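**Q** So the protein sequences, as listed, match chains A, B, C, D and E. All the letters of the first sequence, read from the start, carry residue numbers 64 to 67, 85 to 125 under the deposited numbering. All the letters of the second sequence, read from the start, carry residue numbers 1 to 140, 175 to 268, 312 to 371, 379 to 406, 413 to 443, 451 to 1010, 1017 to 1153, 1160 to 1200, 1214 to 1277, 1287 to 1338, 1440 to 1663 under the deposited numbering. All the letters of the third sequence, read from the start, carry residue numbers 109 to 215 under the deposited numbering. All the letters of the fourth sequence, read from the start, carry residue numbers 517 to 802 under the deposited numbering. All the letters of the fifth sequence, read from the start, carry residue numbers 918 to 1038, 1043 to 1089 under the deposited numbering. We put the beta carbon where it would ideally sit given N, CA and C, even for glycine. Please find one structure pasted underneath; my questions will follow.
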Amino acid sequence: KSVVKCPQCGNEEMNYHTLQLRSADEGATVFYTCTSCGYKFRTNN
Amino acid sequence: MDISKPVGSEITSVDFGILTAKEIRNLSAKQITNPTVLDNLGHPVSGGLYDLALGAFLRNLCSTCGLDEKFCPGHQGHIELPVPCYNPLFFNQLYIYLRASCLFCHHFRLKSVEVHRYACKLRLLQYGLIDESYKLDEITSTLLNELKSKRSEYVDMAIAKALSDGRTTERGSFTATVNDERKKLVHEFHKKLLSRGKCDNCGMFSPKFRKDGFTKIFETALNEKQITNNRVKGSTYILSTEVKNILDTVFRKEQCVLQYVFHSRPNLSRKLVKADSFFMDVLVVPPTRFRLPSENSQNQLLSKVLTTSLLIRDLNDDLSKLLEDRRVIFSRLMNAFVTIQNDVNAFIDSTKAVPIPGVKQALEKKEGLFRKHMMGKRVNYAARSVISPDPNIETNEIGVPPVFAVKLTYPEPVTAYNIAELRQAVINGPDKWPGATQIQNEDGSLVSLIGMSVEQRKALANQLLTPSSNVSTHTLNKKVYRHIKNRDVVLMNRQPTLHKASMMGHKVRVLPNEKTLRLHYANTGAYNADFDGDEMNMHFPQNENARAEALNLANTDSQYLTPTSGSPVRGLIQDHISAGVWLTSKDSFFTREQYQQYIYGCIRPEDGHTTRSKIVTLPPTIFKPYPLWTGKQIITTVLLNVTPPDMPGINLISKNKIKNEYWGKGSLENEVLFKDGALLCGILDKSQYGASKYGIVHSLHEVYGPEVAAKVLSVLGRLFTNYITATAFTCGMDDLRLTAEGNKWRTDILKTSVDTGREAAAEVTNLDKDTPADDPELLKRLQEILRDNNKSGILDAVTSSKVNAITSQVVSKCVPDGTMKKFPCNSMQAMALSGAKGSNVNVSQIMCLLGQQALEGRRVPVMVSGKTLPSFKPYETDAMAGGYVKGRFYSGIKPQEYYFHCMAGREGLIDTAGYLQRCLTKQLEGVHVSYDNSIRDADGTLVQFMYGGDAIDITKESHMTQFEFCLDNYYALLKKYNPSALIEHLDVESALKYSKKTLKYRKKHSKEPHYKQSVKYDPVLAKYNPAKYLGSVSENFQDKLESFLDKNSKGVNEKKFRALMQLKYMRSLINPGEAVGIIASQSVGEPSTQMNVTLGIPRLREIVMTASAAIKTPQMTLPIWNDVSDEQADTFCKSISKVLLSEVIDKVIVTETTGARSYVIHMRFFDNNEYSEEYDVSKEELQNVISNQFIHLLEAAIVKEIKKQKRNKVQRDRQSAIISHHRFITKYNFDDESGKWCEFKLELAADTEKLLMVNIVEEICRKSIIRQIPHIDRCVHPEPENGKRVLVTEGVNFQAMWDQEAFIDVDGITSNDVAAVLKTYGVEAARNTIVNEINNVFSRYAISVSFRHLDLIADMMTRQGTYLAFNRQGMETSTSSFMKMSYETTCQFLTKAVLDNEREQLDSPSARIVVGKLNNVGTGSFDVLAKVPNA
Amino acid sequence: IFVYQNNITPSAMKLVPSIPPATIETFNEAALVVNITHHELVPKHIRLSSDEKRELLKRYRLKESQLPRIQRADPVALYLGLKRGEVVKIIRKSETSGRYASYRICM
Amino acid sequence: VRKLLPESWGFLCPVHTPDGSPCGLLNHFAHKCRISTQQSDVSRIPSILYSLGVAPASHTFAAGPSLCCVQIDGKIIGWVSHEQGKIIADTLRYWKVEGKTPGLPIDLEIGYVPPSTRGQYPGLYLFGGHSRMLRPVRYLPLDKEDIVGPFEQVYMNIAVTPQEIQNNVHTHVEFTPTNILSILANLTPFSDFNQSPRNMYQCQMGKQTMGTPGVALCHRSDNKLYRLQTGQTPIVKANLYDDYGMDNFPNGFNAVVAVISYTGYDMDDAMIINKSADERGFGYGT
Amino acid sequence: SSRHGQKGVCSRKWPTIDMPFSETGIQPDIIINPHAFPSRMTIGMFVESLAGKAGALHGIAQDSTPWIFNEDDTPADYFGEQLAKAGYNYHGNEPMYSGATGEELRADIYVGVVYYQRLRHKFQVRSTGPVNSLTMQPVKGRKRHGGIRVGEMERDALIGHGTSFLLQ
Ligand SMILES: [Zn+2]
Ligand SMILES: [Zn+2]
Ligand SMILES: [Zn+2]
């Protein structure tokens, strides 16, 4: 019953990881970190 | 030992006795009295322990015999004890006779007519009258004087009847089975002797005694309730002189009973047994030779005896001088009685009194005296060094360095033939090889050659062979201790010597340069000896008796076939197997120079290898344009020169490990073909030469003998070495590659493996397939699998079964079809296919796929978080995440693939990190083939009437049923048996007359089974002696011959061939004198080195060693009839199953209201349609579990916790009946219309504190059975093994399966538990259950130990009609006292020997090493008698 | 022989050896359901005559007490009803030799 | 207890463990596993957890897994929901790596245990004491060195190389996939090709060599000391060989090794040497 | 021993004129058998032979820290292309000759330099010598010129052959 488009070089492959930092009231900060060229940035809301 | 100093007298028997006090006063040299050992000036004090009368001591002559330290044998002295003290070896039995005896008439309290009965039953058991002691019980104040006549007259009648009817000598008959009935009867005697209330002669009580342990004794207070019989008849530490003052008078009144209790053998000496024999008034000090200082601990224990002995003498001076002084001097003298007792306790037994080791603890365990210095000894003329591998040595030899050849020496007595080679040897001297280190003169002198120059040493070469100057030495001659030559013999030996082929006899061949022992490669398969710094012992025997045995009997060429299975264990290993794949190729062609160089490079006629005194060759394969010799023709003429001429070549048709698809299209190089001794086809492989049955070395063994076959491994070992040093062999990085085709094949099947881990996830968890990996329902259910070990095992086995199928698709395509370099040029692949070194799973993990790394039957373990590792997301359905690695050793494994492979690598190193074979070999050491062809124990008692039922040798039967091999070699086997030169001594015709009276009888029968067959005839083998009568063979050999010789029909006819297999059988008979019980028990312990029911070495632990009646996991096998269906089998399993009440309940809801505590136990079941299908539990049966079984257990648990907290008409009348039986149930109900629920109120008082009442219900429901057949837990219907329908249960109850006739074949119920088939089916069914269950422990591991070893281990364990273990509790029924004393608990068997006054005939091999006799098995099983010509 | 239902009184077991030489044998009715000699693991047991007991002891030069032992209480020597000291012959099936006759004695 | 558990990633070495009796019990750190040795800065962490939403433990009235408990070095700081307790556990990692906060040290171990069905007991267990086990790991938002413990590691996702970072699941990546191996384990060359029982024997047989113990042997009075005469630096070496100064201690020599069956004397395990090799000082030691 | 778990004792210091030799004239100072490799699977020893030989030619070292090679670029392709640019074989092999018969061997023999390690680890004899004082048996000990033990498992091996004068 348990059965029942990276701006520097140009490459669509670039890593990202989001964290909800301070509270649930704000937006999750969408971080971006590159592998092809190496430019990094973030985006909130 | 000197062979020219004989010995006239030999010990025949020994018998155990007790030193009386009169002897050791007359025996003694000088009594010693003061407890100081040696005073100043270095000289010992006279009168003390070190005394010059007890022996020479430190450059000072003996005061008894007047000899110095090198020649004084030592002498015993005695010390006087003022009170007779207890002997701690006998206090366990003195206190038995201290009790059980009335203190008034000084008889035992048991009645004298029945004490007379045991004295008449134990007299008959002294003789071989084990039967008539039971007839004595059938013989049944005035009539007791006549009953004791009728019992005593029958004993005297039955002795003189048996002694005149040639049955029992006046020395008595004493076998094992009368030692059983004797010990059982004396235990019967001592049991009911102690349990007595009053003496049955003078009817009153006696005060009971108390045992404080050792060192003391106490009597108890006689009760006021029963002192009145001590008046109508007309606590205290008692003395050791008060105990003897009873037991003297006890052992006088009852002399006629203890004359037969304390004697196993009939007492022809008529010595009266005494109570002084249990005390020891006088200690015996050992001689000063055996207690030299290291002071010594036995001088320290004897010091405290003598220190107390002068205190108690001075305390008795005041008793001669004498009320206040009398009170204190005697409560302090009595304090000295316990201390001088406690000293002689601690002298003998250190555990019965941190401490000083006593006399017993110098004997008991390993690192003792029997096991450390009698069964095993340090030896002279022996050596030890690391071995290094060596070709060019003739496979029966050892390579000894000059540092070994100079030290080790051998006594050669000089003769007429020695004095040319032994005069030159004694000139060379100690530091030249071959030399000599000493000369032993005629008169026993000894002249060391070390400090002698060449002029004196040549002078003694002429004094060497002189006539003797003395008449007393007129028949002796000088013995030159020469060096070891190249003709000597050696025992090589590597620990652990687990089987007898790990200690072989090699010839010697010195080497002139290098300092290590050197061993040929065909010996490493026997010693288990890789050359990674392993060292092994070298023993050099010192007389012609032992030289003739390590050359003929324990030779290394004799030991080709191991006796475990009969399979060969000698052969070539790594480079010789790879060279013979290259040499026997079709590509190998040799010119006239390369052909003749390979043949002489391996034959060398000047070293005695060929048989023709000229190397004969063959015509070449190709003649023109220029002659060439194929490599098949090398080994033809190699096998042509080592074979004996005027004997035809061998005919052999075999195959090898390499298929025909590795050679090409239409090759026939899988089968090998020897015809007329010529290799016409095939590759010689591991299967031909090597430890492989039915090769060419194994076929040269049978046809030409063990010496010709072992000469082939020398020649092939050099022919494959000279071929390697000119045509070499390498393995490189080129060998490990696949093509770009073959890599594309690999990376396309391995792309299937990504969805494999998820298809196996959804199948276990019973979701529908094609679900995503991030499904919230797949991730919800995979977490529940992780929390259970059992549910994770059925996820880690479904995923493992699927990725090991992706593994096999890679391997069965990418290799050999997609490997870049191919066979034979590929070499990583060649030495794996040929068995040279490596497997096919080893080249798979290099070139294709490393695979699912398996833990203990599982995948890689998981963390708490569901992650397998930090690199992977939690609970992912990836095959890579579980341990399945896609990398290989050629390209490389990822860092998370590497952490998983280091788990399985570590587990193999934990699973790597000797007593089963010890318990076996001690029981079975004397069991040998007799000259009746009837294997039996060393003391004469009989184990089997014939060895295995046919008495053929395991090492002589590998080609005995290979009939078509022998028909191809009829004219070659007829030369090695020569039947025309054996007719004059044997009876050819008579056993062949009886060979047809039983064969025609058996075919006419066998329409019926084996309970009807009046067989009318013995088999032809149990009536005629097969070693003497031709044609007296086993029944399987008689049938398999006449079945072979019936089917096919081929200058040898049909009747010249059956008259040769009947003579090949007779030479295959095992020799009288074979140490069978060692071989049978070395063939079980040594295959145990490579190791829902128990399995393996714990299964052998329960059968052999402990005789587990309470086995861990018993089972029972039930043959389903061929009439009932599979639906009538699994619904029959549901009728035999322990269905608990816990298995039927969904949930139990209690309800507790108070404010009389009101518990409402509402318990909820599954649907009535559902538990009447899964368990076949009916609705009305479930009510009768709650009505009568559940609640009475529940009521006995509610009250049990209270006792330990002090610290319609058919239902309303059913409800009133449950209240009436029970205690505090006020309401009861059950679901009758649907069977779904059950509710019953349960009141208490208010005094009771709060019970849990859910954890009670959880414990009572797990112990409440719905239905149960006893001793049976579960009945499983597996898949049919071997085509028969099998119904395995998980318990043993044979009676309750006899009712199930209509479903179960009750006359085929086999089991697993031997002590229950012994109880219900008798002795000979326990004997088959022991053979078959000691077989499937080896059948699992593919280890084929033959049934001849399993049959004797069976028939040894059932020799008493019981199921006896191989331990100290199963060897008590044994004649040999030194065997039991050498095993364990030495002084428990020593005191059982000496209380029984036990004489032993020195028959066991354990008792012939304690006393130094020759062993009665093998070579000492007969005498050698010289015929002298004159009168 | 004397087949009973459940139990004999232990004081009534004092009569089954009481009369010599007429032996009395004693069996359950629940134990006699399956004849154990029909089992596949038991061989053919045949008791030997006194004229064949001696010819056994003469050929192997044995004492009476050196043979392998069968008990008086195992259910095969209760089936045949063996008295103490008579040899039974065991026609035993082997894996390699087939039939070979072995012998046990009841002590 | 002798097993190679998966939680030992970067703290214990997989291969560097002896064979036989101490197997699994005696084992070695990774070469980047450093151990805490002084009490870290703690006294400003309860001040900046109350600013994140943690109610104080004086007036909270909560217990059990229905909340998560905030503990710093063993004492209850307060109670916060499982929702917010992961929010206030990701800032404490973001602010300890971006070291602008004056209260969070880099050496802190913030072990968050998420709520799960019958899993580990939940809570937020901050650790900062002595004697901890620490390894470096690279933190992907604002790439810097983060220092993590084993109690903290079993619930977070690191990647072994930045070509295997998967999006929204991987928080960290390792600096190199060789900081999990010990000293003796990095130094065996091409170790990802050998079978794993043959990597573990070289950690056993690399420290049973007649090498060079030191160079100050004149002022040493050791009872037994094995010194090989002419050591050589390897052709094929790891990059940690230069880094630890193992050129100061040469343990062997570059021999021209042929893989050939030629001799007959070298089959099972045994090998041979050129005779005129060690007439010239090959493998000589005192 | 190598750095790959491959230990082995010395059988014999084989003379130089009886050793194989390449076309370049070098003669190897260790011979390892090709059979130590399949059951052990130390393929990292084989790629040290490529990388060792290629680095002694170009005068360079190569790193061998693990996981610098993918499954695409096998180091047999990285170190084979360096051996091809030196005039040597791509697969690490070299043509060698027999030292005894002087013949061209069949396959090109796989050689190269690998780093070796010398490990750290016996030979007692006795004809006669000192005995014990309690039992008059030979003394335990190599340094005291004592004997070796024929124990209990060695005892019934001498029973097991049926040889009764070897046990005596
Ligand atoms: Zn980029
Ligand atoms: Zn003396
Ligand atoms: Zn009395």
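Could you check where the alpha helix (DSSP H) with residue 209 (chain C) kicks off and where it finishes?
**A** From DSSP, residue 209 (chain C) is part of no alpha helix (DSSP H) but of the beta strand (DSSP E) over 207-214.
**Q** Any contact between the segment 663-675 of chain B and the segment 814-824 of chain B? By contact I mean 3 or more CB pairs, one from each, below 8 angstroms.
**A** yes
**Q** Any residue with its C-beta under 6 angstroms from a non-hydrogen atom of ligand 2 counts. Can you list them all in chain order?
**A** B:55, B:62, B:64, B:65, B:67, B:72 and B:75
**Q** Does the beta carbon of residue 65 (chain A) fall short of 6 angstroms from some heavy atom of ligand 1?
**A** no
**Q** Is any beta-carbon of chain B found at less than 7 angstroms from that of residue 709 (chain D)?
**A** yes
**Q** Using a Cβ distance threshold of 8 angstroms, determine whether the segment 578-585 of chain B contacts the segment 529-538 of chain B, with at least three qualifying pairs required.
**A** yes
**Q** Between residue 91 (chain B) and ligand 3, is there a pair consisting of the residue's CB and a ligand heavy atom that are separated by less than 6 angstroms?
**A** no
**Q** Return helix, strand or coil for residue 580 (chain B), following the three-state DSSP convention.
**A** strand
**Q** Verify whether the separation of the beta carbon atoms of residue 1639 (chain B) and residue 1606 (chain B) is less than 7 angstroms.
**A** no
**Q** Are the C-beta of residue 462 (chain B) and some C-beta of chain D separated by less than 7 angstroms?
**A** no
**Q** By DSSP, does residue 928 (chain E) sit in helix, in strand, or in coil?
**A** strand
**Q** Verify the CB distance criterion: does residue 725 (chain B) have a CB-CB separation below 7 angstroms to chain E?
**A** It does not: the Cβ of residue 725 (chain B) has no partner Cβ on chain E nearer than 7 angstroms.
**Q** Helix, strand or coil for residue 204 (chain C), going by three-state DSSP, please let me know.
**A** Residue 204 (chain C): coil per DSSP, three-state reduction.
**Q** So which residues put a beta carbon under 5 angstroms from any heavy atom of ligand 1, going in chain order?
**A** A:86, A:89, A:91, A:114, A:116 and A:117
**Q** Just by C-beta distance, which residues in the segment 200-211 of chain C are closer than 8 angstroms to chain B?
**A** 200, 201, 202, 203, 204, 205, 206, 207, 208, 209, 210 and 211
**Q** Could you check what DSSP says for residue 962 (chain E) in three-state terms: helix, strand or coil?
**A** helix
**Q** Please list, in chain order, the chain E residues whose beta carbon lies closer than 8 angstroms to that of residue 788 (chain D).
**A** 927, 928, 929, 930, 931, 947 and 948
**Q** Looking at ligand 3, does it come within less than 6 angstroms of residue 104 (chain B), judged from the CB to the closest heavy atom?
**A** yes
**Q** Quick one: which residues of the segment 768-781 of chain D get their C-beta closer than 7 angstroms to a C-beta of chain E? List them in chain order.
**A** 768, 769, 770, 771, 772, 773, 774, 775, 776, 777, 778, 779 and 781
**Q** Taking all protein chains shown into account, do 16 or more other C-beta atoms lie within 10 angstroms of the C-beta of residue 1151 (chain B), making it buried, or fewer, making it exposed?
**A** exposed
**Q** Where residue 71 (chain B) and residue 361 (chain B) are concerned, what is the direct C-alpha to C-alpha distance, given to the nearest angstrom?
**A** 22 angstroms
**Q** Give me, in chain order, the residues of the same chain whose beta-carbon lies closer than 8 angstroms to that of residue 1007 (chain E); leave out the 5 immediate sequence neighbours on both sides.
**A** 997, 998, 1000 and 1001
**Q** Out of D:650, D:695, D:596 and D:574, state which residue places its alpha-carbon closest to the alpha-carbon of residue 581 (chain D).
**A** D:596
**Q** Return the chain-ordered list of same chain residues with a C-beta closer than 6 angstroms to the C-beta of residue 775 (chain B), the five sequence neighbours on each side being excluded.
**A** 733
**Q** Would you mind stating whether residue 511 (chain B) and residue 546 (chain B) have Cβ atoms separated by less than 7 angstroms?
**A** no
**Q** Please return the same chain residues whose Cβ sits closer than 6 angstroms to the Cβ of residue 1566 (chain B), not counting the five positions on each side in sequence.
**A** 1225 and 1582
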